[PDB]
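Listed next as structure tokens is one chain, alone, in the form deposited in one PDB entry.
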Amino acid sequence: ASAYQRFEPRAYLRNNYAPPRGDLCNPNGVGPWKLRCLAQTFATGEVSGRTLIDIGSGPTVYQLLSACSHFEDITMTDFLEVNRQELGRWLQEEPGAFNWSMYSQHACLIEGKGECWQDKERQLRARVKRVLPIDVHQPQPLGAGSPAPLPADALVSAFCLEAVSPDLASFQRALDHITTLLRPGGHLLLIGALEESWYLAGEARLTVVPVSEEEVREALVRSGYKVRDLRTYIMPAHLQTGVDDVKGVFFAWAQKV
């Protein structure tokens, strides 16, 4: 946990969202695969509502590109101030913002509605109402009097739980915690690293709990979810770069029941 106090957003972004992993041209890559799961899921029309919360957003926005057109009130979160600052730089189009435009473009490409990427980013920026601090280790992760409309109609979280959880059991609790934020019948879209034990973010070296696809499913069932979909991306050799030891990436579509 206290390791997260060294966490460098720019080094994280660079490590995971710039070439090679950030090169979206090849459709067999992890970036396109992620955007596709996201896009395909929302395209079904079954994941809808007014409000949505992104859990442990970090400094990234790609996880909301296909989401923003289905929810008028979007709340983004993160534990670190430095990440919330970095999101704001993109939200307010301030100087030095990270360039997500390749991801926007690809989301537009994938969605196939002939939308221009500027419109997509415009809609996202407009629908994100707030960037709030959060701790999934807390039974009320957002806190007491959070500005966030609760309960949310849906949740999104990518690369968070397994990355803030020393082991399987804490992972499970953290899931139960955020689950309280979700209205019954609501939807959760969860993405994460498979069988990963560490990753770097500049001077920070974060520990990760290695989880498998079945472990992820069981955890979801335990937390009271019906698993609508659960898919795995195996990490090709050329995307194994020495910034971590992730073996695969999972995508889960779960419904609170």
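Just so we're on the same page, rigid core means the largest C-alpha set that superposes within 1.5 Å between forms. The numbering used is simple: start at 1 and walk along the sequence shown.
| query | With respect to the recorded C-alpha B factors, which stretch has the higher mean value, 192-200 or 46-54? | reply | Taking the mean C-alpha B-factor of 192-200 and of 46-54, the larger value falls to 46-54.
| message | If you take the mean CA temperature factor per stretch, which one wins between 147-155 and 106-114? | response | Going by the record's values, the stretch with the higher mean is 147-155.
| request: Kindly indicate the residue among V221, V30, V211, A39 with the greatest C-alpha B-factor in the PDB record. | output: In the PDB entry, the greatest C-alpha B-factor among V221, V30, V211, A39 is found at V221.
| field | Lowest, middle or highest third - CA B-factor, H137 | value | Within its chain, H137 is a highest-third residue by C-alpha B-factor, going by the deposited values.
| Relative to the other modelled residues in the chain, which third contains the C-alpha temperature factor of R84: lowest, middle or highest? | Tercile = middle for this residue's CA B-factor.
| request: Would you check the entry's CA temperature factor for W90 and let me know if it's in the chain's lowest, middle or highest third? | output: CA B-factor rank for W90: middle third.
| So where's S101 on the chain's Cα temperature factor ranking, which third? | Lowest third, going by the recorded CA B-factors of the chain.
| request: Would you mind checking where the Cα B-factor of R125 ranks among the modelled residues of its chain, as the lowest, middle or highest third? | output: It belongs to the middle third of the chain when residues are ordered by C-alpha B-factor.
The form deposited in another entry is left out here; the points below concern that form.
| Hey, after the core superposition between this form and the one not shown, which of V208, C68, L189, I55 has the C-alpha moving 2 angstroms or more? | So the residue whose C-alpha moves 2 Å or more is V208.
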